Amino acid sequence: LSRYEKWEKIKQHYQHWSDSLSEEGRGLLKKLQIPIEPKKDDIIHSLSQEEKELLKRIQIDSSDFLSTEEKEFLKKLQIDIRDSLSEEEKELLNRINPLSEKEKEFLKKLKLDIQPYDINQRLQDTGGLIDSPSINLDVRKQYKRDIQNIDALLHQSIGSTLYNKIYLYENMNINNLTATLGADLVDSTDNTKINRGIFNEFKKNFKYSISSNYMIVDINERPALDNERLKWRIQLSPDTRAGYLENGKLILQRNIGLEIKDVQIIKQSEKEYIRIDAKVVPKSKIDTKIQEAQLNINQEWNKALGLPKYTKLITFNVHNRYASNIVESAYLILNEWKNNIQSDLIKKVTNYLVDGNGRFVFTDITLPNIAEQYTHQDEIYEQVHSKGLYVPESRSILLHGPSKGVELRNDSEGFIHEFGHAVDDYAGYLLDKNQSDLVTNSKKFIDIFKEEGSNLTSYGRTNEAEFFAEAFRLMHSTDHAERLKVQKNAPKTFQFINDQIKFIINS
């Protein structure tokens, strides 16, 4: 119909609901839409002199564990600290390796103090598993209270009359689904264009989507802003619960499923966009598809690996908006793995992982919210969110779809790095089954690393375990030039690793 008539019709549908809201209810919906940011003045006031100085001249970008946002906040802090020096000083202080331990340990605790109070982010990061011990207990309980109260606010459905008469819209950054394919879904040559090849891939793997937080959608399609190249057009179901927000928006109930009906490249004002047509379905319907896929991928890989038929090895921990791609990519990642690694190394190491009740966890929630990590890591400041992780205590590999890794081409290479950690673990075990340690903790590898540790990737300089893993990754790259660079620039490492590989296969 008319944009303005549509708006007024939906507003009227929710008018009694709106008028019945308490001040407390309104305050909650506003806090949901506008997270409470940390006040940087209080943060800085809480630091010691040595800490201000440390923060002042610190190489911030170089973290294993700090998001783009968190990195941006901390430099907002850094400036404020340095906004009292010479104009010459600040000019010098940013023309200038990896992080020191004193720096890293500082940042690991400072991380806990710069988190906004952001209900929708908590829901997305945990995939709705809000009891996950990844934040302070008192704050965790606050989120829970707010979330339950919002759930109780959103009781009125869009209804049987309006649901098939309206579309709702959501503009979205490509990077919010996966930070990888974001940079390469837009044509590098002409930014007004979509990369057709990539797009076809994206399209083929995007069949369903979960919202574990509360979607805020526009009643009328809004022109794209910067980094808004996805334009969702959504059709609700009759019993989808929602609330009217000022300025022609709806907040949708959390835990809904979306079936992707169509993905097209479209033109709006001389730029190409990606239209995504989606229909709201019950979340349980999608969870069913995920569980079925989980069964299928384990059945297939249990066969190919010589494991018992009902080994629980592969876990899909999937709860967010790029859901089906997480499932689809797990298949690809494991194919790359078997393709680029000797089948006897795979089988020996994996059987060891399985012996410890280990998992390959493919997920779209942050890794601190994965049990295979947090059950062994009680201290939040020691919890890690990243593209990938190996956890020896649970013998598990964790791989987070939406993020991008430090100097990493794709997810498959990330996985092979983690498998490298696992090889490190198993070799060390075979050495001394009693006092079971990592082979990169041996005196031999320590000395090899003291000599060759700077010769491979920048990230590899971190420590022995990472050096090994990076070396192991590069040695099993599909690009054979990368393999040779390892033999060339770090010969003892190359030899050491092949030794461990031989040693494992013959055990």
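A residue's number is simply how far along the shown sequence it sits, counting from 1. Each form is matched to the other, and the largest set of C-alpha atoms that superpose within 1.5 Å is called the rigid core.
Novice: Which stretch is less alike in 9 other deposited structures of this protein, 450-458 or 53-61, counting RMS CA distance after the rigid core is superposed?
Specialist: Taking the RMS over all superposed structures in 9 other deposited structures of this protein, 53-61 lies farther out.
Novice: Kindly name the stretch, out of 124-132 and 403-411, whose CA atoms are displaced more from this form in 9 other deposited structures of this protein after the core superposition?
Specialist: Looking at 403-411 and 124-132 in 9 other deposited structures of this protein, the bigger mover is 403-411.
Novice: Do a third or more of the other compared PDB entries fail to give coordinates for residue 142?
Specialist: Residue 142: modelled in every other compared entry.
Novice: Looking at the other compared entries that model residues on both sides of it, is residue 113 unmodelled in at least a third of them?
Specialist: Result for residue 113: never missing in the compared entries.
Novice: Please classify the unmodelled stretch of the deposited sequence between residue 137 and residue 138: none, 1 to 3, 4 to 9, or 10 or more residues.
Specialist: In the record, the chain runs straight from residue 137 to residue 138 with none unmodelled.
Novice: Return whichever of 345-353 and 415-423 has the greater mean Cα B factor according to the PDB record.
Specialist: For C-alpha atoms only, the mean B-factor is higher in 345-353.
Novice: Which is higher in the entry, the mean Cα B factor of 395-403 or that of 87-95?
Specialist: Stretch with the greater average CA B-factor: 87-95.
Novice: From 82, 275, 254, 207, pick the one with the largest CA B-factor in the entry?
Specialist: 82 has the highest C-alpha B-factor of those listed.
Novice: Highest Cα B-factor in the PDB entry belongs to which of 369, 335, 142, 436?
Specialist: In the PDB entry, the greatest C-alpha B-factor among 369, 335, 142, 436 is found at 436.
Novice: Split the chain's modelled residues into thirds by Cα B-factor; is residue 31 in the lowest, middle or highest one?
Specialist: Its C-alpha B-factor belongs to the lowest third of this chain's values.
Novice: Taking the chain's C-alpha temperature factors as the reference, tell me which third residue 285 falls into: lowest, middle or highest.
Specialist: Middle third.
Novice: With respect to C-alpha B-factor, does residue 261 fall in the lowest, middle or highest third of the chain as deposited?
Specialist: Residue 261: CA B-factor falls in the middle third of its chain.
Novice: Could you place residue 133 in the lowest, middle or highest third of its chain by Cα temperature factor, using the values in the record?
Specialist: Tercile = lowest for this residue's CA B-factor.
Novice: Using the B-factor values recorded in the entry, state whether the Cα atom of residue 101 falls in the lowest, middle or highest third among the modelled residues of its chain.
Specialist: Highest third, going by the recorded CA B-factors of the chain.
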